[PDB]
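Next up is one chain by itself, shown in structure tokens, the form deposited in one PDB entry.
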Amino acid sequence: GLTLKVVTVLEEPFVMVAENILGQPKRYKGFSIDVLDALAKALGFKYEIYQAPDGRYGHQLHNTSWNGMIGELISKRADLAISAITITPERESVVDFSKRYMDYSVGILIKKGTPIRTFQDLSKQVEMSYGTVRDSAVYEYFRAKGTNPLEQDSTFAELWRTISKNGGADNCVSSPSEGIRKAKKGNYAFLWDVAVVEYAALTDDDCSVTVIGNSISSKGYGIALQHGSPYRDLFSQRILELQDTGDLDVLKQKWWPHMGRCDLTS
């Protein structure tokens, strides 16, 4: 029957590999998979998932083309893209996002037991390396806030001076997995999606790391569809219903356990 092609990128606990037995297609699991499954059921479609061949969310290149999942949508190789995709104006100009199914903000992952408790505390650091994924939306977030003397505090300017040192070479990482691994080794603080670093801290074998939030949320996570897709408004309606009934809250408790895991209190 009606089958949608879904492009994704691995991001814990939004989209993870579940099993891949030889001969069988790869299977996936996670919070975004469960939201997608609820939509598939309600709207009566099937789907097939593939990972973005370049592994990127996607951004705009100099000739106005896009790579990543965004590019897959523009080219119509994918009908929808889902993982932990932030709804931004640049991306919405070329694809069509559903209304959000979760809020987004940036957090800090750092080993427990330090005097750093806030973004402001991190910005005061003189010797400490900290950073984000180079070439990411989070890097571009700190560029924007850091190069804006119109902010009310030097916090973002100071954070940007460390993050962007040597064009991002010294203090940034290639992937969230590298940032998480470095934060656990100590002497590094990793700045990334708070939901991603919270999951990493909750599942740390040694319960050795904690997350600093406090970022005000102004953006959400969405399902990206093709420009002009008829499914965009249908998805939004059902997402709103999932939120109103409490079904989304249950799925969040499933992947970010309120209890049973590491205690994140430093």
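We call the rigid core whatever largest set of C-alpha positions still superposes within 1.5 Å between the two forms. When you see a residue number, it is the position in the sequence shown, counting from 1.
One more form of this protein, deposited in another entry, exists but is not displayed; see below.
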Once you align the rigid core, which of 33, 202, 212, 239 turns out to move its Cα at least 2 Å between the shown form and the other one? 212
Once the core is superposed between the shown form and the other one, does residue 183 show a C-alpha displacement of at least 2 Å? yes
Checking residue 24 here: with the core superposed, does its CA move 2 Å or more between the shown form and the other one? yes
Aligned on the rigid core, do the two forms place the Cα of residue 146 2 Å or more apart, comparing between the shown form and the other one? yes
